[PDB]
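Taking the form deposited in one PDB entry, here's one chain by itself in structure tokens.
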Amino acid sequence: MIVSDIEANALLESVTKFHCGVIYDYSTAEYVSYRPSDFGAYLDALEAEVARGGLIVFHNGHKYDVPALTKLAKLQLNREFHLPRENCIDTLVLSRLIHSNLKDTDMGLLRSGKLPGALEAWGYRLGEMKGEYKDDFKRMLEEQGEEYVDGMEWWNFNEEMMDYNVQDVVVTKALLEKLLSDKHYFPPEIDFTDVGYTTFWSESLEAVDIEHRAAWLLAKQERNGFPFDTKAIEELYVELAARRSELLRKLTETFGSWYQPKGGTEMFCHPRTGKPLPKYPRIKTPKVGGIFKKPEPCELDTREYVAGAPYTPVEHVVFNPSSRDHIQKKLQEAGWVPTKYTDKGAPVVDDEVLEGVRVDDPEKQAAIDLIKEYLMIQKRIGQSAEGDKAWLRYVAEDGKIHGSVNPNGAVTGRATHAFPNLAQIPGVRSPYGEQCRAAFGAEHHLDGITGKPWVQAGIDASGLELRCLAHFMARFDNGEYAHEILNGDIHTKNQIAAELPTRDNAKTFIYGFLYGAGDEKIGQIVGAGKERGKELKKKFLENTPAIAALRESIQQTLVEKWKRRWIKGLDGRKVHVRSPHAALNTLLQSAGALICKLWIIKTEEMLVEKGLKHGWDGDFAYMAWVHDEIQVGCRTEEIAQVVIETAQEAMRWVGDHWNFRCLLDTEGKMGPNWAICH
């Protein structure tokens, strides 16, 4: 087993030069540095570990080091280099599994300061290295009277860089051994720093293998990217901006500008007593100025001020439809009586309240809808074009958006998305959603050989969360709930229980039940907010004893205040639980997350087994995985049909693999883009 790390001249996307690398070999207990002219030897060493059926450990190697080495070997040495997935270990991936209850800077992309809770020490250091190196470079130059350029520290190899490289491997080795010291995931009787790859995966907790496979596949998904219709979004941008201006023109006419205090630097005090008046806006008292400037009658002073005469400095302000403060100011002045305020003390003005607001003036009453529309349009513009993370700012040269994915960003095993967040694109049911979704599609990628548009296969797991509930209930109801889902009407069944009016309300109720929603959210489904919210849940459980039995066995496992602060996930991993009340929900959500994770992994492995190649230079390409659905780009319709049926096969395999008490299914849809494939 070897631990390694490399330093190169840029992020994966534009890297062109290997600066150096370091290898620590457990078999020799020695660190070896490789400088620029040793690139070839570095590669030879990695492949030799592979020849021995060994393991290579990197920190974030799955997303950077491994693919960057393949890219660099080809560019600099005209060599084909492809480390197999089976021989690689990623301490970042392992940390996210073992310390899933903690957040991380995602390798320095996020400001540690904004993250909640504590951060794992070794991991924190690794993620801050680049910024740290940049600060040492910046200094050495600033000390030699030499100018600094934004990112020149990464242009050429140097000994300071080499030192950081070596430090990286020492810290990664420390992290690794710390992770491996966790007996829950690695049996104590085995020295995992002294075994072959097959033994490492087979003898460690199943979750270890699943997380590495998920990370490898998702790294490939990121590199694939999601084909994006830049031109269409630009046209959408023009349309949105025009409607924004017009809405602004109207609203600014309806609500005119006004003045507000600004720049005051002196407390206003009652001239009579001298009593400070902190409530009154700040004033300014001119030190110079007079009626007739300093000297037969003198000359009049053309200045606007007069020494000692105070005034309140003010600035002109124009109505801003995006300012909740301005909206609140203008509406109360119309006869609106704020019913709900915030904790920081302030009128609550979300879209909900704006809908209930009523004012006498008919024009101001109608303007509220214009304000609502302005806020929504502002939302669409920020997301697609003007925000810092706008889609138009992320489209790469290959005409695709390569959004990032943290495979295990949630403690339940659920993944998170960012840069940009491709799991928050407006749905087809939302205003402008159809245009937004149609812009992300396999059709926007023209085959490298034939120029023909690719086709899209959208696959979703069917009612996964409910089926997971059925599965866990089987120990108590012997599969009754699961049978009703597959061959009956679970919703009307849930309606009769908890006694509800519409069967659609049953659905609303259950889907909210699975995602531990407060009693309040339950009430709003009937129209008794937070009131019947306690009654409903209770009546449901009463008529569905298997669920109450489950909740009870779940809490007995945790509460003795705690005998254990986690539940065992489907692959054996610990899943932190915040409160006993959340136990069940955590259980269900984790089951769904892990089933979908293993599912997408098996789906891709089966496709490859069938002879299909993963990549734009191949037959299919994973473009997006959003909770329970995956969107896959396919070179031909025939392939898309194969992907759809293969995904169903993979899901059944997963249900059988984990002895699931409820049958699992998927539903697939073929089409040119995400608007049609959802």
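Heads up, when I say rigid core I mean the largest set of C-alphas that superpose within 1.5 Å between the two forms. So that there is no doubt, residue numbering starts at 1 and follows the sequence shown.
*Asks:* Could you tell me whether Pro295 lacks coordinates in at least a third of the other compared entries whose models cover its neighbours on both sides?
*Replies:* Yes, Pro295 lacks coordinates in at least a third of the other entries compared.
*Asks:* Looking at the other compared entries that model both neighbours, is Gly488 missing coordinates in at least a third of them?
*Replies:* Per the records, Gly488 is modelled in all the other entries.
*Asks:* Are any deposited residues left out of the model between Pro295 and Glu296, and how many (none, 1 to 3, 4 to 9, 10 or more)?
*Replies:* Unresolved stretch here: 4 to 9 residues.
*Asks:* According to the entry, how many residues of the deposited sequence fall between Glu80 and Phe81 and are not modelled? Options: none, 1 to 3, 4 to 9, 10 or more.
*Replies:* Nothing is missing between them.
*Asks:* Would you determine, from the values in the PDB entry, which of 121 to 129 and 82 to 90 has the greater average C-alpha temperature factor?
*Replies:* The deposited B-factors put 121 to 129 ahead on the C-alpha mean.
*Asks:* Averaging C-alpha B-factors over each stretch, which comes out higher, 499 to 507 or 603 to 611?
*Replies:* Going by the record's values, the stretch with the higher mean is 499 to 507.
*Asks:* Which of these has the highest Cα B-factor in the record: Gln524, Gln378, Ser384, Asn421?
*Replies:* Across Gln524, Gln378, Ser384, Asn421, the entry lists the biggest C-alpha B-factor for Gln524.
*Asks:* Take the CA temperature factors straight from the PDB entry and tell me which of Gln589, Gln365, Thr198, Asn165 peaks.
*Replies:* Of the candidates given, the C-alpha B-factor peaks at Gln365.
*Asks:* Lowest, middle or highest third of the chain for the C-alpha temperature factor of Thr285?
*Replies:* It belongs to the highest third of the chain when residues are ordered by C-alpha B-factor.
*Asks:* Which third, lowest, middle or highest, does the C-alpha temperature factor of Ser112 belong to within its own chain?
*Replies:* Tercile = highest for this residue's CA B-factor.
*Asks:* Sorting the chain's CA B-factors, does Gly569 end up in the lowest, middle or highest third?
*Replies:* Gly569: CA B-factor falls in the lowest third of its chain.
*Asks:* Among the modelled residues of its chain, does the C-alpha B-factor of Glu480 lie in the lowest, middle or highest third?
*Replies:* As the PDB entry reports it, the C-alpha B-factor of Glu480 lands in the middle third of its chain.
*Asks:* Sorting by Cα B-factor within the chain, modelled residues only, which third would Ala242 end up in: lowest, middle or highest?
*Replies:* Its C-alpha B-factor, which the entry lists for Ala242, ranks in the middle third among residues of this chain.
If you look for the form deposited in another entry, you will not find it shown, but the lines that follow are about it.
*Asks:* Scan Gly151, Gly196, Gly335, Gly529 for the one whose CA shifts by 2 Å or more between this form and the one not shown after superposing the rigid core, and name it.
*Replies:* By this measure, the answer is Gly529.
*Asks:* Take the rigid core as the frame of reference and indicate whether the C-alpha of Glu304 shifts by 2 Å or more between this form and the one not shown.
*Replies:* Yes, because once the rigid core is superposed, the C-alpha of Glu304 moves 2 Å or more between this form and the one not shown.
*Asks:* Classify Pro426 as shifted (yes) or not shifted (no) between this form and the one not shown, where shifted means its C-alpha moves by 2 Å or more with the rigid core superposed.
*Replies:* No, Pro426 moves less than 2 Å.
*Asks:* How about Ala498 - superposed on the rigid core, does its CA move between this form and the one not shown by 2 Å or more?
*Replies:* True for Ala498: a C-alpha shift of 2 Å or more.
*Asks:* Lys534 and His576: their C-alpha distance differs by 3 angstroms or more in the other entry. Do they come closer or move farther apart compared with the shown form?
*Replies:* They are farther apart; the C-alpha distance rises by 3 Å or more in the other entry.
*Asks:* Pin down for me whether the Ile567-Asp519 Cα distance shrinks or grows in the other entry relative to this form (closer or farther, change of 3 Å or more).
*Replies:* Farther apart, which means the C-alphas of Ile567 and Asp519 are at least 3 Å more distant in the other entry.
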